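**Q** The structure follows.
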Amino acid sequence: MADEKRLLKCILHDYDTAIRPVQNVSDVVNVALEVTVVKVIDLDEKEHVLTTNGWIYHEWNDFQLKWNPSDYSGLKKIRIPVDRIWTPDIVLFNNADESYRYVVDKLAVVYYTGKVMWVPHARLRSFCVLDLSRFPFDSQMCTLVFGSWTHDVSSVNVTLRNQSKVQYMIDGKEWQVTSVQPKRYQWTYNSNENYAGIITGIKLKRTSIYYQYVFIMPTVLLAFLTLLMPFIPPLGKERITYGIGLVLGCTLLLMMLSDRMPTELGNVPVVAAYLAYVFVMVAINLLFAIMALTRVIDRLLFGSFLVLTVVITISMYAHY
Amino acid sequence: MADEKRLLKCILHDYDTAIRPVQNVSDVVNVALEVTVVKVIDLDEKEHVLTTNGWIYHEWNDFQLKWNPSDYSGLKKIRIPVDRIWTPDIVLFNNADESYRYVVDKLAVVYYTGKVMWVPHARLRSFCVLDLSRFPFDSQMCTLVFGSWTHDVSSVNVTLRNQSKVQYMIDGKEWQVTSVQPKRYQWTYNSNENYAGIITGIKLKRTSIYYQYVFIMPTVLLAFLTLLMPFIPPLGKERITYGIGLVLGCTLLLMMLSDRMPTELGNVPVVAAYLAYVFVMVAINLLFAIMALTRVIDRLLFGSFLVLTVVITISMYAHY
Amino acid sequence: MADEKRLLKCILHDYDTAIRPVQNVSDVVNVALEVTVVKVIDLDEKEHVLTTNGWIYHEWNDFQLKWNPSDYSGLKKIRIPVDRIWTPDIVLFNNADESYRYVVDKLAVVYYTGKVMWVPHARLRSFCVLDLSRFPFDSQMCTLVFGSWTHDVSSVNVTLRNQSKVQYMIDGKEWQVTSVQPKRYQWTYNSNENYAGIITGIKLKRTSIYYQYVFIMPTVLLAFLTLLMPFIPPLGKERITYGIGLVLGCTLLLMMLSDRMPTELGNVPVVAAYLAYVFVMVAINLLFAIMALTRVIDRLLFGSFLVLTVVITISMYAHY
Amino acid sequence: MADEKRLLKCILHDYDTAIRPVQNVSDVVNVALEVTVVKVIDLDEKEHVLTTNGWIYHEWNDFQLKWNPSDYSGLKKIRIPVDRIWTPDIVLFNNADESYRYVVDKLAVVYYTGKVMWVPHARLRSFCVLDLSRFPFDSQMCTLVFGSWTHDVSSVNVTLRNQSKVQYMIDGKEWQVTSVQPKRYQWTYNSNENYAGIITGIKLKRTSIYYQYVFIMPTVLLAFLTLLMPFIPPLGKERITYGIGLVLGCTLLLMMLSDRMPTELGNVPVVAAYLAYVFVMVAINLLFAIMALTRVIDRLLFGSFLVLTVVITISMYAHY
Amino acid sequence: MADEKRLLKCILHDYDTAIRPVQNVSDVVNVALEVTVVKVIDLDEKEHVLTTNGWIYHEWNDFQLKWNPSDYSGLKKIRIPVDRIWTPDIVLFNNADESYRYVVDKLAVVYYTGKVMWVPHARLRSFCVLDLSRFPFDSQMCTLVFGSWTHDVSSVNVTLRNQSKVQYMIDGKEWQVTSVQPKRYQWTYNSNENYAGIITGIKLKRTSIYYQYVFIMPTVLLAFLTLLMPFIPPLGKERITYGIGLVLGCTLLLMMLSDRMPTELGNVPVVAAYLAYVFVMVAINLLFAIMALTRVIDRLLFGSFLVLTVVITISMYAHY
Ligand SMILES: C[C@H](CCC(=O)NCCC[N+](C)(C)CCCS(=O)(=O)[O-])[C@H]1CC[C@H]2[C@H]3[C@H](O)C[C@@H]4C[C@H](O)CC[C@]4(C)[C@H]3C[C@H](O)[C@]12C
Ligand SMILES: C[C@H](CCC(=O)NCCC[N+](C)(C)CCCS(=O)(=O)[O-])[C@H]1CC[C@H]2[C@H]3[C@H](O)C[C@@H]4C[C@H](O)CC[C@]4(C)[C@H]3C[C@H](O)[C@]12C
Ligand SMILES: C[C@H](CCC(=O)NCCC[N+](C)(C)CCCS(=O)(=O)[O-])[C@H]1CC[C@H]2[C@H]3[C@H](O)C[C@@H]4C[C@H](O)CC[C@]4(C)[C@H]3C[C@H](O)[C@]12C
Ligand SMILES: C[C@H](CCC(=O)NCCC[N+](C)(C)CCCS(=O)(=O)[O-])[C@H]1CC[C@H]2[C@H]3[C@H](O)C[C@@H]4C[C@H](O)CC[C@]4(C)[C@H]3C[C@H](O)[C@]12C
Ligand SMILES: C[C@H](CCC(=O)NCCC[N+](C)(C)CCCS(=O)(=O)[O-])[C@H]1CC[C@H]2[C@H]3[C@H](O)C[C@@H]4C[C@H](O)CC[C@]4(C)[C@H]3C[C@H](O)[C@]12C
Ligand SMILES: *[C@@H]1O[C@H](CO)[C@@H](O)[C@H](O)[C@H]1NC(C)=O
Ligand SMILES: *[C@@H]1O[C@H](CO)[C@@H](O)[C@H](O)[C@H]1NC(C)=O
Ligand SMILES: *[C@@H]1O[C@H](CO)[C@@H](O)[C@H](O)[C@H]1NC(C)=O
Ligand SMILES: *[C@@H]1O[C@H](CO)[C@@H](O)[C@H](O)[C@H]1NC(C)=O
Ligand SMILES: *[C@@H]1O[C@H](CO)[C@@H](O)[C@H](O)[C@H]1NC(C)=O
Ligand code: NA
Ligand code: NA
């Protein structure tokens with residue numbers, strides 16, 4: 001008879017998966033949750049959904065599952081499936097997936113003192129508010145919320161593990177990630193019933209360099225072409241074709257931006273404002289060309305276009 | 001021996017998951033359902049499908065699961081998995097997903113008086129009739145239906161929880177949400193068999209600002225260019241190229257709208273009507289230019305185009 | 001002791017889920033199936049797959065599950081999970097999804113006489129042959145097949161419920177739906193082994209109005225422009241640019257149609273034929289323009305183009 | 001007491017789902033597998049994945065599950081769920097889906113002699129090598145492999161059912177399907193351990209007619225326009241615009257082909273070669289036009305273009 | 001009574017699925033893992049995710065499951081479901097899918113000596129760092145990591161099977177695959193707790209030929225057209241239209257590249273740099289043309305363009 005099998009049989013002789021591990025009803029169970037983010041899978045701005053891959057550390061004491069190590073040949077720790085032992089109900093409150101199931105959560109560690117540890121590796125797809133006021137490059141703070149959904153603070157008191165809680169670098173594909181300090185706070189949706197929760201913040205700064213040559217370069221080139229457009233002679237039979245080419249190009253760029261850029265509700269993106277400015281400027285330039293004393297009007301239009309361009313550039317540097 | 005484990009064993013000594021919690025066959029079970037919508041995930045107009053993330057509150061009395069709190073060390077409430085206790089069959093009648101399963105519905109609260117509470121967090125993807133008569137910005141009322149699918153009113157009588165039933169703001173990404181008062185009504189698909197149901201209305205008003213610069217700005221610019229087109233001299237060798245550019249631009253815009261706009265059956269969108277108007281106007285302008293006394297005909301065509309444009313603008317303001 | 005629990009225990013004292021409810025091997029079990037379609041979710045022509053949301057009514061007699069109502073306090077009907085009682089194996093033979101599972105099929109009704117009823121709400125994604133000979137607007141008959149997959153007629157004899165079998169309107173987004181009468185017929189894949197099946201027909205007529213302005217309007221406008229093209233003077237230095245614009249526009253329309261229209265195998269769509277006609281006509285017009293006594297040749301080409309256009313229009317009205 | 005229930009209880013009094021139905025360890029179990037393909041769902045060339053809908057016939061003898069029919073009221077055959085009786089492990093070796101589960105495989109037939117039959121309807125999404133050397137229309141042979149994954153030939157000897165094994169037509173949407181004769185062969189990944197497998201071939205010939213007007217018609221029209229291009233006078237101020245239009249059109253066609261055509265590794269498609277040829281020809285024509293004794297050079301260029309076009313046409317007919 | 005059934009009953013008389021197969025707590029269990037990759041399904045650069053189809057070989061000794069073959073009629077090996085026998089927890093640490101479940105892992109081999117073998121066929125979708133510094137054709141080394149997630153080295157010591165560990169060819173669709181030697185190394189996330197892991201490297205070199213004609217050919221043709229552009233006479237009334245055509249073509253190519261090319265963060269692709277160079281060159285050429293002693297300036301611009309083109313070509317050959 002194996003000692004480990006005997007210990008497992010004795011420990012779980014009469015155990016249920018729906019009994020809170022507390023010796024008395026008055027007593028409470030302490031659960032420490034640590035959210036570690038390893039890799040940032042992606043962040044869809046159209047859906048405002050951040051997908052990341054990282055494991056979560058759960059630690060809770062248990063008055064049961066306790067044995068003297070010397071009795072069982074000096075055994076220290078054991079591995080037990082999560083199904084049998086009691087499992088605290090911790091769920092991401094801002095979860096976005098249809099179902100919330102850990103990819104690898106079939107094992108947990110039990111010590112002789114009763115400190116039950118769980119490290120279920122999981123893929124977290126959560127919601128995050130994105131501020132797209134400036135979109136050459138942005139940096140948003142996304143908060144992941146953990147805690148019980150039906151256990152009040154009087155039953156389980158979620159906490160944090162201060163050990164090894166120092167800030168450290170997070171691997172990212174095109175986003176530089178900084179791990180913010182985690183905090184805890186209580187929601188109160190009913191009198192005499194407060195539910196604790198842990199909020200962990202992650203600050204992501206965009207580092208992609210392709211967006212500069214896909215969203216800014218064509219727009220600035222179209223603006224430069226529109227600026228050069230008034231220099232064409234009115235009677236050269238080329239202003240109309242040049243304006244048609246500019247309008248087709250800016251329409252194509254607008255279509256590409258609509259296909260790529262999301263439908264932000266708060267504020268229009270700076271790229272969208274630049275595209276609208278180039279659209280209106282090319283339209284007015286085409287109107288002046290088709291209408292065409294004339295030299296002074298053309299000079300005034302060129303000056304207005306130049307001042308608009310310099311204002312746009314200084315604003316871009318201001319939000320750069 | 002833990003008191004909680006003893007209470008759980010005694011309560012569920014002989015209990016089935018298919019027995020309605022009623023003391024007599026004549027008696028009925030009252031179930032109160034409250035539908036709370038937290039965030040509006042999205043609303044696809046092409047599929048007419050509204051996806052939202054919100055929890056649902058179920059409250060039903062049970063003659064079983066009753067105990068004296070003083071006996072079990074003054075215990076007040078307990079947490080039990082939904083699998084063991086009886087679960088009322090409440091399903092969204094207008095559900096759109098292949099399967100209807102709550103993301104987090106593995107726990108429920110049982111009080112000493114027997115009032116069983118359930119708060120299964122779920123992601124509801126339902127159907128909603130969308131009126132796209134005016135599409136610069138719309139506001140539709142979407143109704144979510146809850147209730148039993150095989151339990152008649154004689155078995156379970158769905159109701160509403162008037163407590164804290166006041167209207168309140170709902171978080172939204174690009175839609176402003178107002179929570180309508182919920183009502184109840186009975187379907188009758190067979191004589192002597194009426195099934196109750198709860199209908200909750202949500203009024204969503206669009207707040208996206210990008211659609212103005214992606215659907216209206218290019219169309220109005222093309223219309224303005226078409227208006228300016230007749231001013232070109234007939235013999236300037238530029239009307240044909242200008243018309244070709246306009247037709248290419250409007251064709252590209254039509255392609256973009258077809259890729260973006262859904263295939264509405266009721267009425268054509270106002271943007272589609274505007275695009276058709278600009279198409280026909282540019283076509284007739286190109287025909288007049290290629291055909292080209294002439295001055296009076298051109299003036300009449302310009303007047304007709306101007307009156308059409310002013311009628312379109314006044315209609316747009318009317319539905320604005 | 002609750003009467004309902006006692007009745008449920010007595011009825012299912014020794015019951016299996018793999019035993020056909022028949023008193024003798026010679027006897028057979030009658031199953032009545034009614035397929036009701038509530039909403040037509042969509043119909044993808046590229047995959048030829050029709051997705052609909054509707055419930056299915058199953059009614060089968062059972063010599064077991066029978067009790068005297070007076071004994072159990074006059075109880076009339078009971079609700080039982082589908083897992084315990086025997087379930088006839090009815091599956092859509094033309095099913096297209098990877099798995100065939102009802103969304104809400106966890107409950108069934110049992111009467112005192114033994115008439116077991118089941119109403120599992122389900123989402124049916126089936127195959128349908130689409131005739132795309134005429135595609136301004138079409139109307140196809142799609143057949144849904146129900147029945148056993150391994151139960152022969154000697155075991156289960158599928159039938160129809162003539163009660164309330166009258167034709168009625170079906171809700172649709174962009175398709176008008178008519179419910180055809182359902183029939184039954186027997187497949188014979190082996191001698192002395194015939195399997196019954198129920199075929200229900202649904203006639204869907206397209207009602208979308210956006211396809212007229214996305215598939216027909218640009219094509220007819222390009223055809224009109226090509227018709228007007230020969231009127232341009234040969235020496236005006238504008239025929240070549242006009243032809244280039246027309247060819248670019250028709251190429252863009254062809255790309256849009258390829259992205260939208262499926263790859264039909266039977267016959268080419270009428271829109272595709274119209275696009276091919278406009279392509280060849282614009283190509284020949286460009287060839288004649290570049291080649292350019294000349295007046296008579298141009299008049300003959302214009303006459304041929306006009307007769308081709310009138311033939312196309314009369315054919316379109318014929319299939320309209 | 002029902003006779004069928006008594007027979008089912010007696011047959012499965014002590015039965016396991018992990019015991020091979022063999023009376024002795026030396027003896028082996030014969031399994032006959034027949035792969036029948038009903039409909040070809042699709043064949044994605046980009047992923048090289050063929051999805052089809054067809055049922056599979058399994059027949060294996062069992063020394064258990066045997067009874068005298070006369071004892072049980074002359075019962076002949078019974079239906080039993082696949083979970084209880086032993087199930088041979090037959091899996092498509094070239095399966096492409098994440099999971100391999102039959103859609104409807106919950107029932108099987110047991111005869112009095114012990115011949116266990118199984119007809120699990122399934123949707124097979126397998127891999128197939130596609131030869132895209134000629135892509136106006138192709139015809140590939142796709143092989144589906146069935147057999148055990150951990151059972152050697154010494155345990156289960158897969159075979160074929162020669163009865164009704166004649167070639168017959170297979171329904172297809174846009175592919176004509178011919179059922180090839182199935183064969184068996186043994187893999188040997190370890191000495192003294194050979195695993196049998198059944199390979200069934202299906203020959204599919206493309207029948208789509210839309211690809212001719214979406215991939216060949218625009219290319220041939222662009223080639224014809226490029227051929228006509230040299231006839232334009234050098235000083236007509238139209239060669240440059242015509243070349244620009246041709247290059248824009250061929251670029252759009254290349255974009256469409258890239259979006260549609262997959263990234264074949266073996267050989268470039270014939271359509272891609274034709275597009276490259278038209279690209280290079282239009283580029284050289286534009287270079288000659290911009291550079292522009294001249295008449296002889298233009299005649300030589302026209303002759304070279306004509307000979308290249310005739311070579312391309314004869315090659316196309318050769319692979320046609 | 002079948003001998004095999006008796007052996008299976010005797011072996012698993014009292015066995016648990018959560019007991020490590022070790023005779024003593026001090027002793028450890030050796031597990032040998034071999035990762036074999038058969039086919040490379042694909043490698044998405046946008047997500048940096050490599051999907052492959054290959055089986056994994058697990059071999060672990062067991063002090064239990066041991067019997068004398070002579071007793072049970074000389075039986076050598078048996079097949080047992082993975083559910084009953086103990087299963088080592090081996091999971092891909094860099095897994096990308098939501099869930100990690102083997103497609104076919106329902107069987108395992110048990111020998112008389114106790115050497116338990118498992119060959120669960122699986123589809124591995126892992127993460128891989130992609131170096132896109134040069135993108136005419138690349139070759140990346142992707143590492144797959146296997147090992148325990150909660151078992152330390154003191155419990156299970158993962159190793160490698162040196163038998164038949166020679167390098168061999170791997171089938172690929174458009175990637176040539178070389179199998180690198182596998183190694184083992186230990187992670188240490190806590191003192192006195194080291195977890196072993198096996199890293200297997202696969203070197204993939206791109207072999208697709210379509211990317212040359214979709215990403216390089218249009219870019220080089222546009223560059224050649226831009227080079228030829230300065231040769232146009234300033235007063236020919238064709239420089240403006242030629243520049244408009246070039247800018248439209250390069251904008252379309254940029255849109256296609258943005259739709260196809262991923263958003264790399266490390267370095268911009270060489271194709272993107274080439275497109276930016278052609279954009280800036282065509283813009284400056286258009287500026288010089290519109291501005292237009294002049295001959296010397298045009299010659300200097302042509303020389304600068306030629307030297308830039310030759311530098312780009314020599315760099316491309318350097319990274320070719
Ligand atoms: C609803 C949950 C509260 C969960 C909790 O931890 N405790 C109370 C739960 C009580 N129950 C519902 C179980 C019982 C109800 C009893 S009742 O009487 O109602 O039936 C809270 C916790 C975190 C909250 C938000 C995120 O942070 C950030 C975010 C940014 C936005 O711009 C708006 C959207 C969003 C996603 C917010 C939505 C919502 O606000 C959340 C999910
Ligand atoms: C069919 C269900 C009724 C469910 C119910 O709550 N009670 C009766 C069910 C009785 N069973 C079927 C179980 C037994 C049949 C016995 S039988 O004798 O038939 O076999 C009812 C309840 C809500 C209804 C609609 C939505 O509101 C709004 C909506 C807008 C449209 O523009 C048309 C589409 C849509 C989705 C409507 C469809 C349908 O109309 C629904 C789903
Ligand atoms: C294959 C099933 C028959 C199912 C049935 O109801 N009864 C016999 C089954 C017998 N089993 C296979 C179980 C045992 C074989 C014994 S064996 O000796 O073979 O091993 C029959 C029933 C309905 C049939 C079609 C649809 O209507 C319409 C349709 C339009 C097309 O243009 C071609 C495609 C399609 C989808 C057709 C395919 C096929 O034709 C179907 C699925
Ligand atoms: C790997 C399986 C063999 C399965 C089998 O039926 N028997 C041996 C299995 C032995 N096990 C792995 C279970 C134990 C290993 C013991 S070990 O000592 O290794 O640990 C064989 C059977 C069929 C084979 C291919 C297809 O036909 C056609 C195809 C066309 C291509 O262009 C290249 C890709 C592809 C998909 C091929 C891949 C592979 O080649 C397959 C899946
Ligand atoms: C996190 C795992 C370690 C797993 C392991 O094998 N052993 C330790 C696990 C210990 N647990 C978490 C279970 C307990 C924690 C105790 S605690 O006290 O924290 O609660 C390690 C093993 C392999 C690692 C990477 C890949 O190779 C390559 C790769 C390329 C990039 O450019 C950055 C991204 C990426 C995907 C890396 C991420 C991460 O780095 C991985 C997944
Ligand atoms: C919960 O734990 C926190 C420690 O962060 C402590 O401050 C608080 O008093 C605890 N509350 C209860 C009810 O135990
Ligand atoms: C159901 O509850 C409602 C309360 O909203 C009540 O008006 C109605 O009479 C009840 N019906 C039955 C049958 O209990
Ligand atoms: C099956 O039911 C039909 C009723 O539609 C009947 O005509 C037929 O005779 C029945 N067949 C058997 C074998 O019971
Ligand atoms: C397996 O069956 C085939 C029949 O196709 C037979 O030729 C072969 O000898 C059999 N092998 C064994 C080991 O039974
Ligand atoms: C684990 O196995 C390796 C063999 O690769 C061996 O070198 C090492 O010492 C072993 N460690 C333990 C703790 O058994
Ligand atoms: Na043009
Ligand atoms: Na164009």
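To be explicit about the labels: the chains of the structure tokens are called A, B, and onward in the order shown, and within each one the residues are counted from 1, while ligands get numbers from 1 in the order they are shown.
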Write out as a list in words all residues of region 50-131 of chain B that DSSP puts in strand (DSSP E) for this structure's backbone.
**A** residues 50, 51, 52, 53, 54, 55, 56, 57, 58, 59, 60, 77, 78, 79, 80, 108, 109, 110, 111, 116, 117, 118, 121, 122, 123, 124, 125, 126 and 127 of chain B
**Q** Give the residues close to ligand 1, within 6 Å, counting only C-alpha atoms and all ligand atoms; write them as a tab-separated table (two decimals) with C-alpha atoms, in the first residue's frame.
**A**
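Once written, part_31.tsv looks like this:
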```tsv
chain	number	residue	atom	x	y	z
A	93	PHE	CA	-15.63	40.96	-13.67
A	94	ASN	CA	-14.83	42.70	-16.98
A	127	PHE	CA	-12.34	45.10	-21.77
A	129	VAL	CA	-11.27	51.95	-22.20
A	149	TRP	CA	-19.07	36.99	-7.86
A	150	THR	CA	-21.34	35.63	-5.11
A	187	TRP	CA	-18.27	47.15	-4.28
A	189	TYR	CA	-24.64	46.72	-4.49
A	195	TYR	CA	-17.87	42.32	-2.20
A	197	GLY	CA	-12.12	42.88	-5.57
B	38	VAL	CA	-24.08	46.68	-17.73
B	39	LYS	CA	-22.27	47.21	-21.04
B	57	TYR	CA	-31.06	38.14	-11.00
B	119	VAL	CA	-26.92	35.86	-10.09
B	171	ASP	CA	-22.26	52.27	-19.93
```
**Q** Residues within 10 Å of ligand 11 should be enumerated using only C-alpha atoms and all ligand atoms and returned as a ChimeraX atom specification.
**A** /A:241-242,244-245,248 /B:241-242,244-245,248 /C:241-242,244-245,248 /D:241-242,244-245,248 /E:241-242,244-245,248
**Q** Give as an NGL selection string the residues surrounding ligand 8 up to a distance of 8 Å, considering only C-alpha atoms and all ligand atoms.
**A** :C and (28 or 30 or 153-154 or 157-160 or 184)
**Q** Identify every residue of chain A that has at least one atom within 7 Å of any atom of chain E, counting only C-alpha atoms, and report the result as a list in words.
**A**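 Residues satisfying the distance criterion: residues 2, 5, 75, 80, 81, 103, 107, 123, 173, 174, 207, 208, 209, 210, 214, 232, 238, 241, 242, 245, 249 and 256 of chain A.
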**Q** One decimal, in Å: what's the spacing between CA of residue 79 (chain C) and CA of residue 120 (chain B)?
**A** 22.9 Å
**Q** Separation of atom 16 (C, counted along the ligand's line) of ligand 2 and CA of residue 102 (chain C), in Å?
**A**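 Taking atom 16 (C, counted along the ligand's line) of ligand 2 and CA of residue 102 (chain C), their separation equals 16.5 Å.
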**Q** Just the residues within 8 Å of residue 170 (chain E), please, counting only C-alpha atoms, with nothing from its chain fewer than 6 positions along; format it as a list in words.
**A** residues 37, 38, 39, 176, 177, 178 and 179 of chain E
**Q** Could you tell me how far CA of residue 134 (chain E) sits from CA of residue 319 (chain E), in Å to one decimal place?
**A** 6.7 Å
